[PDB]
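Protein chains in written order, with the deposited numbering: chain G, 163 to 216; chain L, 2 to 72; chain K, 3 to 75; chain N, 1 to 72; chain I, 1 to 48, 52 to 60; chain H, 11 to 138; chain Y, 119 to 199, 210 to 250.
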């Protein structure tokens, strides 16, 4: 509550979210948008958390 | 001559049960091939249920074949 | 008459070919759909398809020998 | 009689063709109960009561068809 | 819906459903809630240090 | 054990729950004790969480992604989560009437946005 | 047309089997998937045996098309004895499907020959 530090957070794309190790452990609908929807929702969540901390 | 004629036709009507034994060996292999790609049921685990499940489905074909072969 | 009933044993015994013909396509449908999910290509799913097809084809080979033996012996 | 004895043996084989519906019926309820119990959480109740009652209804077709072939 | 044919992804579909549910609720319970659906930010794509036209929807 | 955390406040936070029924994309799924892993998208329905007895809290979620971990953990991440008593019947009829008249009346994304708002307003008004 | 179609299809099947056997004299043979098992020579119902079944299936298109046109004699006596306009719509749909079956049979025969030429060079 006095000092800060410059951190960084990586964001995966749609091609890297479906190529994980335990990505097939949960029941996900392969017919609908599941790989592209996970990367698009994570981009807005990571930008809001970084802007709030900044 | 009626007893010898019915013995030849009995070997053909008893072979109608091969549809369940032939499709049953492939139904157990289709679920094991699709489930092994989900990572990682390879060595043992799912291999023991596929070997034991195929022997139970093949018991119906071996028992039905002995009836037509006993004529 | 034994020659009249011998010809009928080679026609009704061929009814078991429906399970052997559909079994080869059932194992091939699961292997083709599972290989497109990345990356069961070399061995794994390809090696189990050769061994799995021999078990389903064993019922058709045993049923064909019964009808073939009545037409010759 | 020769005609009465020949029809009794043929009747016991044609009536036994209905075992395919009774045999596959017990496996259809068992396949849904095995896959449904893995999705949480009906194991000893809920789905356990419908599986015991559902198997008795499917087995009624095999018991009724067996009495016809046994009495012929 | 059919949001895959347009240029709406998962971020634009989730923001449209949250803004429509807040406006359809109680009008008196809108305290500290109108600022989460209104922004004055702009976007301008740069090239080479020149930039093009500034857009803000 | 639930982890229903929104993007403005925390509802479940700590693991102190039992059963929870949330509307997903397919059907109205419901988590029990040791739930299986299922990461399905949540639709605009009612997300009720039964607290042991009949102390359930009906929370009208706006849609998100119900994540179920393998260690009997349910993470219901939604954008907005409000109760059923925080909505008005007179104000809900004004939003549904304006979205029906604006649908199929223009071009661009004006007619496409009115179809999604009319379907979400009709489901919340029928659960009173 | 029926006897000439079966004789022409038998000559195409013998040429496919002779071309694959001539290429095996200088490019090994094998032609069998091995996966730690055996009894691969007993299931030799392809290559040589597949040419006889493919020639009878492709050559039967000429006999099947003539059977659809010859079936109009039984429906002509009943329509000249409900309204008879239902036979004109049914004969037009069967004639369009029979003419379109020639293009599907020609594409199926060319696809079967592509698998034999690719496997003989691999």
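Ideal Cβ positions, reconstructed from N, Cα and C, are used throughout, including at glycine.
- Going by C-alpha positions, residue 131 of chain Y is about 29 Å away from residue 34 of chain K.
- Fewer than three pairs of CB atoms, one per stretch, sit closer than 8 Å, so the stretch 6-14 of chain I makes no contact with the stretch 109-116 of chain H.
- DSSP places residue 1 of chain N in no alpha helix (DSSP H); its state is neither H nor E.
- Nearest to residue 26 of chain H by alpha-carbon distance, out of H:84, H:126, H:127 and H:96, is H:84.
- Two segments are said to touch when three or more pairs of C-beta atoms, one from each, lie closer than 8 Å; by this definition the stretch 11-29 of chain L does not touch the stretch 200-216 of chain G.
- Closer than 9 Å at the C-beta level to chain H, one finds these residues of the stretch 186-203 of chain G: 187, 188, 189, 190, 191, 194, 195, 196, 199, 200 and 203.
- The beta-carbon separation of residue 79 of chain H and residue 47 of chain H, rounded to 7 Å, stays under the 8 Å limit for a contact.
- Distance check between residue 54 of chain K and each of L:45, L:72, L:15 and L:29 places L:29 closest, using alpha-carbon atoms only.
- Residue 93 of chain H carries a strand assignment under DSSP once its states are collapsed to helix, strand and coil.
- Of the residues assessed, residue 201 of chain G falls on the buried side of the cut-off, its CB having 16 or more other CB atoms within 10 angstroms.
- Restricting attention to beta strand (DSSP E) runs no shorter than 3 residues, the stretch 125-187 of chain Y encloses none.
- The beta carbon of residue 9 of chain I falls within 7 Å of a beta carbon belonging to chain G, placing the residue at that interface.
- Against chain I, the beta carbon of residue 92 of chain H has neighbours under 7 Å at 25, listed in chain order.
- Separation of the CB atoms of residue 6 of chain L and residue 3 of chain K is rounded to 7 Å, and the pair is thereby assigned contact status at 8 Å.
- For residue 4 of chain I, the chain G residues whose Cβ falls inside 8 Å of its Cβ are 195, in order along the chain.
- Residues of the stretch 32-52 of chain L with a C-beta atom less than 8 Å from some C-beta of chain K are 32, 33, 34, 35, 37, 38 and 43, listed in chain order.
- With respect to residue 124 of chain Y, residue 177 of chain Y sits close: the two C-beta atoms are nearer than 7 Å.
- Taken through DSSP and simplified to helix, strand or coil, residue 52 of chain H comes out as strand.
- DSSP, read as helix, strand or coil, puts residue 37 of chain I in coil.
- Taking all protein chains shown into account, residue 109 of chain H has 16 or more neighbouring C-beta atoms within 10 Å of its C-beta and is therefore buried.
- Counting C-beta pairs closer than 8 Å gives fewer than three between the stretch 165-184 of chain G and the stretch 38-57 of chain N, which falls short of the contact rule.
- Bounds of any alpha helix (DSSP H) do not take in residue 174 of chain G, whose DSSP letter is neither H nor E.
- Pairing residue 13 of chain K with residue 68 of chain K gives a Cβ-Cβ distance that is not under 7 Å.
- Here residue 42 of chain K is buried. Its C-beta has 16 or more other C-beta atoms within 10 Å.
- With fewer than 16 other CB atoms across the displayed protein chains lying within 10 angstroms of its CB, residue 129 of chain H is exposed.
- In this model, residue 203 of chain G and residue 147 of chain Y are separated by some 55 Å (Cα to Cα).
- In this structure, the beta-carbon distance from residue 10 of chain L to residue 17 of chain K does not fall below 7 Å.
- Burial is judged here by how many other beta carbons sit within 10 angstroms of a residue's own beta carbon; residue 1 of chain N has fewer than 16 and is exposed.
- A distance below 7 Å separates the beta carbons of residue 45 of chain I and residue 55 of chain I.
- Using a Cβ-Cβ cut-off of 8 Å, residue 21 of chain L is close to 21 of chain K, given in chain order.
- The contact set of residue 64 of chain K on chain L, defined by CB atoms closer than 7 Å, consists of 66 in chain order.
- If you draw a straight line from the Cα of residue 99 of chain H to the Cα of residue 127 of chain H, it is about 16 Å long.
- DSSP places residue 49 of chain K within a helical segment (H, G or I) once states are collapsed to three.
- Annotated three-state conformation of residue 218 of chain Y is helix, per DSSP.
- Between residue 11 of chain H and residue 82 of chain H, the CB-CB gap stays under 7 Å.
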